[PDB]
Amino acid sequence: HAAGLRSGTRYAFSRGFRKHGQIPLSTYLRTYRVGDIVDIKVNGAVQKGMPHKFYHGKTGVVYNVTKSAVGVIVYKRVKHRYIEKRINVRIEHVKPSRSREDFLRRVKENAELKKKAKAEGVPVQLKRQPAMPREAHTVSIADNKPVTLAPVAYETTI
Amino acid sequence: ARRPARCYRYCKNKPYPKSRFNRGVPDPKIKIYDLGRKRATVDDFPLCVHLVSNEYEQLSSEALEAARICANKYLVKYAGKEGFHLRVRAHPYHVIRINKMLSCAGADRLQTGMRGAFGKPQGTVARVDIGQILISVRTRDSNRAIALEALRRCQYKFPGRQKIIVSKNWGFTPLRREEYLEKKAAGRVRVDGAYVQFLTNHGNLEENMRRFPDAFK
Amino acid sequence: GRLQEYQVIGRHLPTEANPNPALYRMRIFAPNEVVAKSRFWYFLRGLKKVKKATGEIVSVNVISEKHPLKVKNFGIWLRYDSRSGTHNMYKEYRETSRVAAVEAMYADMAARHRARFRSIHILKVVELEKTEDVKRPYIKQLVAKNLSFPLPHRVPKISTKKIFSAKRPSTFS
RNA sequence: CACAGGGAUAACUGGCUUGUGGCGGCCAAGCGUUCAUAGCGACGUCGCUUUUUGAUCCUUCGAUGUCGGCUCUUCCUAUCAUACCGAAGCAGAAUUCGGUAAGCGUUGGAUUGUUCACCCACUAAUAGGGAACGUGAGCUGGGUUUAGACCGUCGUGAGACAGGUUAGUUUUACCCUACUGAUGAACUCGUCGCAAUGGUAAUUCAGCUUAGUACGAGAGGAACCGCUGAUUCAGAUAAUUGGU
RNA sequence: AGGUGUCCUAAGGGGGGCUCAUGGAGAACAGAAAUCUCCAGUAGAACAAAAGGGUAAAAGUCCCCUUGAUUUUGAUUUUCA
RNA sequence: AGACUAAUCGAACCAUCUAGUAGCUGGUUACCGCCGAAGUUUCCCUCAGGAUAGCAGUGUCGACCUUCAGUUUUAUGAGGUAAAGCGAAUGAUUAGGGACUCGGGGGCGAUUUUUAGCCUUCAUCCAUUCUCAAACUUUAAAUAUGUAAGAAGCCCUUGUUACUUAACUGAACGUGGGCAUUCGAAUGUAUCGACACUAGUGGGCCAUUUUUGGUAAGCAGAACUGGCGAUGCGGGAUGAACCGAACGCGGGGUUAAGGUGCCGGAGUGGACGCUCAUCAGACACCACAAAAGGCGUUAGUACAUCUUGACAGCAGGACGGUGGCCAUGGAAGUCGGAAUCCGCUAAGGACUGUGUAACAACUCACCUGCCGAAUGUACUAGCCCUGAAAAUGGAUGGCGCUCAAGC
Ligand SMILES: [Mg+2]
């Protein structure tokens with residue numbers, strides 16, 4: 001029984017199948033600013049500035065920007081309390097997250113719906129709501145007549 | 001001095017095949033798996049009968065080989081050495097262990113009791129499931145009664161419960177009798193040694209028309 | 001229980017690639033119109049790729065007997081589970097209504113084969129049209145010409161709280 | 001050799017398990033001159049019991065006296081003999097396989113502390129087991145297992161050895177219950193009776209005749225009835241014999 | 001099922017050219033195997049060591065130059081109070 | 001002899017140090033009310049013990065801030081288990097076929113054989129085929145898991161810098177203004193945040209599901225959750241862990257698990273069937289029984305036969321070539337080997353048994369005479385039976401129960 005820095009990371013830090021060799025260069029052209037929402041995903045082919053196996057899959061907030069790395073804040077759960085960890089990760093392991101993208105899209109339409117509606121003169125009904133039960137309707141049997149079913153007898157297939 | 005078969009009947013451990021980790025396992029008792037005219041064509045023996053299991057247990061290699069002999073004896077005597085083909089379709093790959101006590105409970109050195117009780121290999125055994133097939137026999141249409149009795153007599157050497165089912169296919173092929181009959185008449189069938197191959201209309205024309213000349217007329 | 005025959009109509013939810021799906025009709029014996037729908041979904045899940053979360057229920061109606069004061073012979077085709085496999089069955093009954101036949105069949109199977117309600121499928125029920133297509137002997141005896149039979153040794157009924165009778169009863173009633 | 005503690009932890013009974021030990025089945029390649037099942041049974045497989053030995057440590061360490069033998073009662077059947085029967089490669093005789101059956105028996109000695117064992121001899125037979133591995137306020141103390149002492153191997157030494165040998169204190173019942181017997185108040189004192197319930201008892205062999213017969217080529221060689229005795233056990237008695 | 005109490009002035013650092021194991025076909029002694037040539041060859045070779053991950057105009061291989069194996073203190077990660 | 005030295009000796013007796021130390025046994029004194037646990041993480045010559053964190057009590061303070069949540073919805077990330085796969089890589093593994101001879105071996109054509117000859121047995125390629133992987137994989141669930149759902153928000157203009165850019169081009173922090181009429185999913189808020197001081201505990205055990213060693217165990221060791229310990233009450237006759245349900249003192253009403261022939265409060269209640277046991281059976285955890293058999297009885301599946309007269313019963317026949325070929329002391333159907341034809345038919349086997357040294361003789365298969373209608377065979381699963389042997393007398397709780405008071 002041992003506990004090393006990469007214990008039990010046989011399948012996590014591996015690259016996929018038929019994904020080996022060159023790293024797509026579009027990774028190095030993104031830009032980050034403090035307050036952005038990023039998520040960590042480690043790449044096995046780069047051994048410098050890589051995070052411990054616990055943060056592989058978590059999501060955090062950038063708080064510092066450096067030459068080739070960013071500082072991220074994430075929340076760890078020790079027994080009966082949370083702690084905030086500050087880790088340094090190279091940009092090859094990070095990616096911008098689409099978690100808040102839906103929120104930003106929705107707020108823009110909400111503003112403009114409210115503006116347009118105020119000029120016209122009809123209430124808004126802007127905030128969303130869950131899926132309500134269906135409503136009544138009619139179904140015709142013209143050119144679609146029902147077919148009668150029945151359970152089937154038993155028989156051996158092999 | 002093998003232990004009674006009551007002692008290894010339920011699947012209680014993960015599979016344990018022989019590999020570069022456990023070395024020194026005794027060779028399985030059964031080695032032969034095919035008997036009879038194991039080179040007959042598919043058109044000679046159109047009747048197939050199977051012996052299917054009905055529980056989730058373990059069958060030992062020793063038991064399998066003993067059952068094999070019984071079926072062979074009966075068929076040869078009443079149907080002839082040249083009238084059937086029998087195949088056993090269950091291979092033992094699971095290794096069962098044993099912990100030797102009294103012989104390992106010596107005065108000199110070592111430890112007596114339940115201290116460090118990982119065992120040593122002791123034999124092999126086969127895992128079966130519900131609906132799995134154990135023994136198959138193909139023969140002519142006039143050996144129905146002979147085939148049925150052979151398997152019925154064979155089953156008395158296995159623990160548990162098994163059934164006998166007369167199949168609806170042609171020989172050992174996964175085709176029903178009517179479908180195989182009419183498809184062969186169409187000509188998309190090529191005879192091979194003891195088996196057949198089928199047409200697929202996805203290759204290239206030159207090679208396909210050589211192999212299956214009768215499909216194009 | 002106390003059963004009744006329902007017709008149940010169901011459908012797959014319409015979609016953009018397939019509006020107006022097909023309609024499936026079944027006849028189901030059930031005590032009320034709640035287990036009626038459940039039995040429908042159970043039988044449909046085994047024939048076609050439709051759930052209930054992705055389907056809907058079109059209609060549910062009650063079928064009543066057409067002549068509940070006429071006696072008729074029935075034949076039933078069914079399948080059931082034993083403790084060691086599955087089998088097919090065919091039995092016959094003599095009464096005045098289809099619903100009772102299902103009532104009688106359930107009691108008979110549970111008694112003679114220890115088959116609960118969980119494991120029985122009703123393939124088909126049909127009333128025998130003529131008299132010459134009756135097969136089982138325990139009903140052929142009941143359609144003989146000029147039937148008549150006495151009833152010997154029938155106990156009389158006495159109040160279960162009238163203890164200490166004063167004379168010997170008699171069974172020749 | 002000592003102290004404080006531990007059933008948180010071993011050596012014996014008891015409890016769960018049954019590998020090993022013991023006992024019984026199912027299929028049938030074959031043995032049996034020919035013939036699978038008179039009598040057996042390979043290769044496989046399903047069980048039962050707690051009189052062998054293991055595994056665990058649940059109960060007792062302010063203590064349940066720890067080998068064997070002697071005496072005594074009762075219980076189980078997986079039946080050695082005794083009663084009556086069914087099968088055979090059962091002519092007779094001698095035998096082998098099975099059933100109903102635990103009522104009645106199952107020995108005397110040489111060697112060893114022995115449990116275990118092996119010889120001599122009689123007998124119808126000399127079957128297997130339990131009861132806190134029955135039984136120490138019932139006995140004995142041959143062995144193990146305190147202190148004395150000798151030898152051999154080991155250790156420089158004190159000392160060690162499930163290696164051999166010799167000598168070594170065995171305590172208390174008047175209490176409660178159980179058992180064997182003996183009195184006894186109440187309805188006046190007596191004599192003669194009935195019988196609910198509880199207990200229960202007999203056992204085996206030998207000689208004569210059947211008979212040199214049935215059976216069998218011969219060698220050999222039975223049985224019921226009848227008659228007279230004897231072994232083990234039980235209840236009494238003292239004229240004769242013996243003991244005191 | 002196995003491994004550690006070591007080893008390295010290069011087996012560290014930078015730059016540059018090349019591609020491997022193996023198979024097919026040929027060439028005096030030469031052959032099963034010595035050296036040379038063409039074609040195919042997704043890593044089936046190599047990377048000090050146990051096993052896993054990673055690497056192809058390289059992280060392998062050959063060539064050129066060096067000592068970031070240097071000075072001053074702080075922040076953060078895994079085992080974790 | 002570790003013997004004796006005042007009943008004391010493997011180190012006498014008397015007083016003092018001395019109330020000598022103990023991580024170890026034993027005890028620890030009136031009532032009511034409110035709250036209410038742990039046997040777990042890290043370190044210790046630590047394992048019968050301590051410190052540390054956790055669980056708990058009391059005292060408060062900041063607002064009554066309106067924030068929160070062992071939960072759901074919507075949007076968006078990570079995983080390599082169950083399953084599946086091997087005519088897909090690695091590894092294991094059964095069998096034929098085609099192509100090849102100079103890869104090996106055994107023959108033949110003159111073993112000629114250094115003949116690309118005829119055979120073939122391995123081996124090698126190609127298209128197929130029967131089974132597997134806790135330390136294999138191209139794929140890939142269910143259950144659980146990270147983040148977000150705004151006023152501390154969104155948009156517009158332009159001030160600061162010793163940083164950065166060729167550069168007022170950027171980055172952070174800002175001034176000013178605009179956008180609420182509706183602050184931007186559901187439900188709840190019978191309980192919001194912070195601080196101080198300290199008690200006990202640090203031997204645990206049981207259960208569904210997942211699961212490791214072991215033949216197995218009322219055995220040893222783990223994960224999520226629920227219990228006993230620390231807890232009474234109704235049911236399982238009895239029993240810490242099971243089912244129902246958690247508790248101030250009383251009166252009335254209704255139920256849960258469980259029951260209604262008596263013991264025992266309430267049906268000898270109703271409908272359809274199955275079972276006769278010279279060992280019946282009788283309610284989850286639970287106090288046990290299997291493989292294999294039955295012409296006991298009930299229900300079902302399939303196939304075959306039949307007024308051109310079946311199954312059963314009684315009665316008749318049961319022929320020739322031909323004692324077929326070999327085999328050998330002799331074997332004429334009947335020790336054994338290999339063949340398996342015809343004649344006459346109403347019918348008869350180069351044979352089913354008994355039998356002889358061999359014959360003979362008997363019988364069977366097959367057909368026919370009599371009768372007057374439906375049978376014959378092989379399988380499936382319900383209750384019952386055989387399989388079923390232990391020690392004081394005995395336990396479906398007891399008595400008892402048979403169109404049940406059993407299933
Ligand atoms: Mg004589």
# chains A, B, ... in the order shown; residues from 1 in each chain; ligands from 1
call {"tool": "select_by_dssp", "arguments": {"residues": "region 10-116 of chain B", "states": "strand (DSSP E)", "output": "PyMOL selection string"}}
result
chain B and resi 34-36+47-53+58-60+84-88+94-98
call {"tool": "residues_near_ligand", "arguments": {"ligand": "ligand 1", "cutoff": "9 Å", "atoms": "only C-alpha atoms (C1' of nucleotides) and all ligand atoms", "output": "VMD selection string"}}
result
chain D and resid 212 219 to 221
call {"tool": "residues_around", "arguments": {"residues": "region 62-67 of chain E", "least_positions_apart": "5", "cutoff": "12 Å", "atoms": "only C-alpha atoms (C1' of nucleotides)", "output": "number ranges by chain"}}
result
E: 9-10, 12-19
call {"tool": "residues_around", "arguments": {"residues": "residue 17 (chain D)", "least_positions_apart": "5", "cutoff": "10 Å", "atoms": "only C-alpha atoms (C1' of nucleotides)", "output": "number ranges by chain"}}
result
D: 55-56; F: 215-217, 219
call {"tool": "write_last_selection", "arguments": {"atoms": "N, CA, C and O atoms (P, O5', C5', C4', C3', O3' and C1' of nucleotides)", "output": "PDB file, in the first residue's frame"}}
result
ATOM      1  P     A D  55      -5.733 -26.387  13.891  1.00  0.00           P
ATOM      2  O5'   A D  55      -6.865 -25.451  13.286  1.00  0.00           O
ATOM      3  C5'   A D  55      -6.756 -24.910  11.979  1.00  0.00           C
ATOM      4  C4'   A D  55      -7.984 -24.114  11.631  1.00  0.00           C
ATOM      5  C3'   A D  55      -8.428 -23.111  12.682  1.00  0.00           C
ATOM      6  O3'   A D  55      -7.711 -21.895  12.581  1.00  0.00           O
ATOM      7  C1'   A D  55     -10.284 -24.376  11.958  1.00  0.00           C
ATOM      8  P     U D  56      -7.376 -21.024  13.885  1.00  0.00           P
ATOM      9  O5'   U D  56      -8.785 -20.428  14.317  1.00  0.00           O
ATOM     10  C5'   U D  56      -9.462 -19.489  13.495  1.00  0.00           C
ATOM     11  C4'   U D  56     -10.820 -19.160  14.056  1.00  0.00           C
ATOM     12  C3'   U D  56     -10.820 -18.598  15.467  1.00  0.00           C
ATOM     13  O3'   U D  56     -10.647 -17.192  15.444  1.00  0.00           O
ATOM     14  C1'   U D  56     -12.465 -20.309  15.247  1.00  0.00           C
TER      15        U D  56
ATOM     16  P     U F 215     -10.078 -23.492   0.907  1.00  0.00           P
ATOM     17  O5'   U F 215     -11.638 -23.767   1.004  1.00  0.00           O
ATOM     18  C5'   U F 215     -12.364 -24.214  -0.126  1.00  0.00           C
ATOM     19  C4'   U F 215     -13.625 -24.927   0.281  1.00  0.00           C
ATOM     20  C3'   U F 215     -14.576 -24.172   1.192  1.00  0.00           C
ATOM     21  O3'   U F 215     -15.424 -23.312   0.454  1.00  0.00           O
ATOM     22  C1'   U F 215     -14.265 -26.381   1.996  1.00  0.00           C
ATOM     23  P     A F 216     -15.782 -21.850   0.997  1.00  0.00           P
ATOM     24  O5'   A F 216     -16.560 -22.135   2.354  1.00  0.00           O
ATOM     25  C5'   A F 216     -17.940 -22.469   2.347  1.00  0.00           C
ATOM     26  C4'   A F 216     -18.359 -23.052   3.670  1.00  0.00           C
ATOM     27  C3'   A F 216     -18.530 -22.046   4.793  1.00  0.00           C
ATOM     28  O3'   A F 216     -19.831 -21.485   4.787  1.00  0.00           O
ATOM     29  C1'   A F 216     -17.212 -23.883   5.533  1.00  0.00           C
ATOM     30  P     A F 217     -20.120 -20.063   5.466  1.00  0.00           P
ATOM     31  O5'   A F 217     -19.918 -20.341   7.017  1.00  0.00           O
ATOM     32  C5'   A F 217     -20.970 -20.870   7.807  1.00  0.00           C
ATOM     33  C4'   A F 217     -20.518 -21.083   9.225  1.00  0.00           C
ATOM     34  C3'   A F 217     -20.187 -19.825  10.004  1.00  0.00           C
ATOM     35  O3'   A F 217     -21.333 -19.224  10.572  1.00  0.00           O
ATOM     36  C1'   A F 217     -18.439 -21.397  10.257  1.00  0.00           C
ATOM     37  P     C F 219     -19.630 -15.595  13.678  1.00  0.00           P
ATOM     38  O5'   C F 219     -18.457 -16.493  13.084  1.00  0.00           O
ATOM     39  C5'   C F 219     -17.455 -17.024  13.934  1.00  0.00           C
ATOM     40  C4'   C F 219     -16.081 -17.003  13.303  1.00  0.00           C
ATOM     41  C3'   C F 219     -15.504 -15.648  12.946  1.00  0.00           C
ATOM     42  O3'   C F 219     -15.018 -14.935  14.067  1.00  0.00           O
ATOM     43  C1'   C F 219     -15.032 -17.211  11.228  1.00  0.00           C
TER      44        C F 219
END
call {"tool": "residues_around", "arguments": {"residues": "region 21-28 of chain E", "least_positions_apart": "4", "cutoff": "9 Å", "atoms": "only C-alpha atoms (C1' of nucleotides)", "output": "number ranges by chain"}}
result
E: 36-41, 43-45
call {"tool": "write_last_selection", "arguments": {"atoms": "N, CA and C atoms (P, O5', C5', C4', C3', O3' and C1' of nucleotides)", "output": "PDB file, in the first residue's frame"}}
result
ATOM      1  P     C E  36      28.146  -1.639 -43.958  1.00  0.00           P
ATOM      2  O5'   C E  36      27.973  -1.794 -45.532  1.00  0.00           O
ATOM      3  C5'   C E  36      28.821  -1.085 -46.421  1.00  0.00           C
ATOM      4  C4'   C E  36      28.458  -1.345 -47.858  1.00  0.00           C
ATOM      5  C3'   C E  36      27.064  -0.930 -48.284  1.00  0.00           C
ATOM      6  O3'   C E  36      26.967   0.458 -48.545  1.00  0.00           O
ATOM      7  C1'   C E  36      27.545  -3.092 -49.122  1.00  0.00           C
ATOM      8  P     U E  37      25.559   1.214 -48.404  1.00  0.00           P
ATOM      9  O5'   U E  37      24.671   0.602 -49.575  1.00  0.00           O
ATOM     10  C5'   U E  37      24.901   0.976 -50.923  1.00  0.00           C
ATOM     11  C4'   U E  37      23.878   0.379 -51.855  1.00  0.00           C
ATOM     12  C3'   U E  37      22.425   0.675 -51.536  1.00  0.00           C
ATOM     13  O3'   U E  37      22.029   1.969 -51.950  1.00  0.00           O
ATOM     14  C1'   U E  37      22.677  -1.609 -52.115  1.00  0.00           C
ATOM     15  P     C E  38      20.776   2.690 -51.255  1.00  0.00           P
ATOM     16  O5'   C E  38      19.507   1.987 -51.908  1.00  0.00           O
ATOM     17  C5'   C E  38      19.111   2.294 -53.234  1.00  0.00           C
ATOM     18  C4'   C E  38      18.003   1.387 -53.701  1.00  0.00           C
ATOM     19  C3'   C E  38      16.692   1.512 -52.949  1.00  0.00           C
ATOM     20  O3'   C E  38      15.921   2.617 -53.380  1.00  0.00           O
ATOM     21  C1'   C E  38      17.234  -0.772 -53.233  1.00  0.00           C
ATOM     22  P     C E  39      14.888   3.320 -52.374  1.00  0.00           P
ATOM     23  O5'   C E  39      13.771   2.208 -52.147  1.00  0.00           O
ATOM     24  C5'   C E  39      12.779   1.976 -53.133  1.00  0.00           C
ATOM     25  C4'   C E  39      11.905   0.798 -52.788  1.00  0.00           C
ATOM     26  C3'   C E  39      11.027   0.946 -51.562  1.00  0.00           C
ATOM     27  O3'   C E  39       9.875   1.732 -51.806  1.00  0.00           O
ATOM     28  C1'   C E  39      12.047  -1.183 -51.547  1.00  0.00           C
ATOM     29  P     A E  40       9.230   2.606 -50.626  1.00  0.00           P
ATOM     30  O5'   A E  40       8.614   1.513 -49.649  1.00  0.00           O
ATOM     31  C5'   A E  40       7.445   0.800 -50.015  1.00  0.00           C
ATOM     32  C4'   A E  40       7.130  -0.289 -49.024  1.00  0.00           C
ATOM     33  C3'   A E  40       6.832   0.158 -47.606  1.00  0.00           C
ATOM     34  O3'   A E  40       5.521   0.666 -47.443  1.00  0.00           O
ATOM     35  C1'   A E  40       8.308  -1.672 -47.550  1.00  0.00           C
ATOM     36  P     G E  41       5.237   1.830 -46.375  1.00  0.00           P
ATOM     37  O5'   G E  41       5.759   1.220 -45.001  1.00  0.00           O
ATOM     38  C5'   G E  41       4.980   0.276 -44.281  1.00  0.00           C
ATOM     39  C4'   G E  41       5.749  -0.301 -43.122  1.00  0.00           C
ATOM     40  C3'   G E  41       6.096   0.673 -42.009  1.00  0.00           C
ATOM     41  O3'   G E  41       5.020   0.896 -41.115  1.00  0.00           O
ATOM     42  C1'   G E  41       8.013  -0.569 -42.586  1.00  0.00           C
ATOM     43  P     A E  43       1.992   0.095 -34.538  1.00  0.00           P
ATOM     44  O5'   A E  43       3.330  -0.014 -33.683  1.00  0.00           O
ATOM     45  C5'   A E  43       3.749   1.047 -32.830  1.00  0.00           C
ATOM     46  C4'   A E  43       5.241   1.019 -32.621  1.00  0.00           C
ATOM     47  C3'   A E  43       5.760   1.804 -31.417  1.00  0.00           C
ATOM     48  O3'   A E  43       6.840   1.098 -30.809  1.00  0.00           O
ATOM     49  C1'   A E  43       6.779   2.604 -33.397  1.00  0.00           C
ATOM     50  P     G E  44       6.642   0.414 -29.368  1.00  0.00           P
ATOM     51  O5'   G E  44       6.285  -1.099 -29.703  1.00  0.00           O
ATOM     52  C5'   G E  44       7.295  -2.010 -30.105  1.00  0.00           C
ATOM     53  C4'   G E  44       6.705  -3.196 -30.818  1.00  0.00           C
ATOM     54  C3'   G E  44       7.682  -4.061 -31.596  1.00  0.00           C
ATOM     55  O3'   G E  44       8.345  -4.999 -30.764  1.00  0.00           O
ATOM     56  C1'   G E  44       5.743  -3.635 -32.904  1.00  0.00           C
ATOM     57  P     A E  45       9.948  -5.060 -30.693  1.00  0.00           P
ATOM     58  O5'   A E  45      10.399  -3.543 -30.538  1.00  0.00           O
ATOM     59  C5'   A E  45      11.352  -3.165 -29.553  1.00  0.00           C
ATOM     60  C4'   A E  45      12.551  -2.488 -30.169  1.00  0.00           C
ATOM     61  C3'   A E  45      13.420  -1.675 -29.222  1.00  0.00           C
ATOM     62  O3'   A E  45      14.342  -2.484 -28.513  1.00  0.00           O
ATOM     63  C1'   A E  45      13.018  -0.449 -31.214  1.00  0.00           C
TER      64        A E  45
END
call {"tool": "atom_distance", "arguments": {"atom1": "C1' of residue 350 (chain F)", "atom2": "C1' of residue 324 (chain F)"}}
result
6.5 Å
call {"tool": "residues_around", "arguments": {"residues": "residue 115 (chain B)", "least_positions_apart": "5", "cutoff": "12 Å", "atoms": "only C-alpha atoms (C1' of nucleotides)", "output": "list in words"}}
result
residues 99, 101, 104, 105 and 110 of chain B; 55 of chain D; 213, 214 and 220 of chain F
call {"tool": "write_last_selection", "arguments": {"atoms": "C-alpha atoms (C1' of nucleotides)", "output": "PDB file, in the first residue's frame"}}
result
ATOM      1  CA  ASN B  99      -5.022 -24.796   1.186  1.00  0.00           C
ATOM      2  CA  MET B 101      -3.447 -28.211   6.231  1.00  0.00           C
ATOM      3  CA  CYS B 104       1.481 -28.009   5.889  1.00  0.00           C
ATOM      4  CA  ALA B 105       0.864 -28.425   9.645  1.00  0.00           C
ATOM      5  CA  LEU B 110       6.171 -22.729   8.754  1.00  0.00           C
TER       6      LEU B 110
ATOM      7  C1'   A D  55     -10.284 -24.376  11.958  1.00  0.00           C
TER       8        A D  55
ATOM      9  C1'   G F 213      -9.163 -14.813   2.347  1.00  0.00           C
ATOM     10  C1'   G F 214     -11.347 -19.598   3.516  1.00  0.00           C
ATOM     11  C1'   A F 220     -11.586 -12.965   9.740  1.00  0.00           C
TER      12        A F 220
END
call {"tool": "closest_residue", "arguments": {"among": "D:139, D:22, D:162, D:71", "to": "chain B", "atoms": "only C-alpha atoms (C1' of nucleotides)"}}
result
D:162
call {"tool": "closest_atom_pairs", "arguments": {"of": "chain E", "to": "chain A", "cutoff": "9 Å", "atoms": "only C-alpha atoms (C1' of nucleotides)", "output": "Markdown table"}}
result
| residue | atom | partner | partner_atom | distance |
| --- | --- | --- | --- | --- |
| E:52 | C1' | A:10 | CA | 6.4 |
| E:53 | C1' | A:14 | CA | 6.3 |
| E:54 | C1' | A:45 | CA | 5.4 |
| E:55 | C1' | A:21 | CA | 7.7 |
| E:56 | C1' | A:21 | CA | 8.8 |
| E:76 | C1' | A:87 | CA | 6.3 |
| E:77 | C1' | A:87 | CA | 6.8 |
| E:78 | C1' | A:5 | CA | 5.9 |
| E:79 | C1' | A:3 | CA | 7.6 |
call {"tool": "write_last_selection", "arguments": {"atoms": "C-alpha atoms (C1' of nucleotides)", "output": "PDB file, in the first residue's frame"}}
result
ATOM      1  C1'   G E  52       2.523   2.260 -15.557  1.00  0.00           C
ATOM      2  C1'   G E  53       2.071   6.806 -18.571  1.00  0.00           C
ATOM      3  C1'   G E  54       4.710   9.886 -22.620  1.00  0.00           C
ATOM      4  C1'   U E  55       7.780  10.642 -27.158  1.00  0.00           C
ATOM      5  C1'   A E  56       9.026  10.379 -34.782  1.00  0.00           C
ATOM      6  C1'   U E  76       1.485  27.447  -3.693  1.00  0.00           C
ATOM      7  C1'   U E  77       0.483  21.535  -4.264  1.00  0.00           C
ATOM      8  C1'   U E  78       0.091  15.686  -2.383  1.00  0.00           C
ATOM      9  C1'   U E  79       0.350  12.795   2.560  1.00  0.00           C
TER      10        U E  79
END
call {"tool": "residues_around", "arguments": {"residues": "residue 27 (chain B)", "least_positions_apart": "2", "cutoff": "8 Å", "atoms": "only C-alpha atoms (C1' of nucleotides)", "output": "PyMOL selection string"}}
result
chain B and resi 25+29+123
call {"tool": "write_last_selection", "arguments": {"atoms": "N, CA and C atoms", "output": "PDB file, in the first residue's frame"}}
result
ATOM      1  N   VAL B  25       0.436 -24.674 -12.885  1.00  0.00           N
ATOM      2  CA  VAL B  25      -0.892 -25.266 -12.768  1.00  0.00           C
ATOM      3  C   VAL B  25      -0.927 -26.585 -13.532  1.00  0.00           C
ATOM      4  N   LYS B  29      -7.562 -32.058 -17.640  1.00  0.00           N
ATOM      5  CA  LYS B  29      -7.699 -33.473 -17.969  1.00  0.00           C
ATOM      6  C   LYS B  29      -8.167 -33.677 -19.406  1.00  0.00           C
ATOM      7  N   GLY B 123      -6.328 -27.533  -9.883  1.00  0.00           N
ATOM      8  CA  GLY B 123      -7.120 -28.037 -10.985  1.00  0.00           C
ATOM      9  C   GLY B 123      -7.855 -26.900 -11.663  1.00  0.00           C
TER      10      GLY B 123
END
call {"tool": "closest_residue", "arguments": {"among": "B:69, B:40, B:86, B:133", "to": "chain D", "atoms": "only C-alpha atoms (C1' of nucleotides)"}}
result
B:69
call {"tool": "interface_residues", "arguments": {"of": "chain F", "to": "chain A", "cutoff": "12 Å", "atoms": "only C-alpha atoms (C1' of nucleotides)", "output": "PyMOL selection string"}}
result
chain F and resi 40-41+53-55+72-80+89+137-139+145-150+153-155+171-172+179-186
call {"tool": "interface_residues", "arguments": {"of": "chain B", "to": "chain F", "cutoff": "10 Å", "atoms": "only C-alpha atoms (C1' of nucleotides)", "output": "MDAnalysis selection string"}}
result
chainID B and resid 3:4 6:8 13:21 31:34 38:41 87:94 98:99 114 116:119 156 159:160 191:197
call {"tool": "closest_residue", "arguments": {"among": "D:16, D:182, D:127, D:42", "to": "residue 28 (chain D)", "atoms": "only C-alpha atoms (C1' of nucleotides)"}}
result
D:42
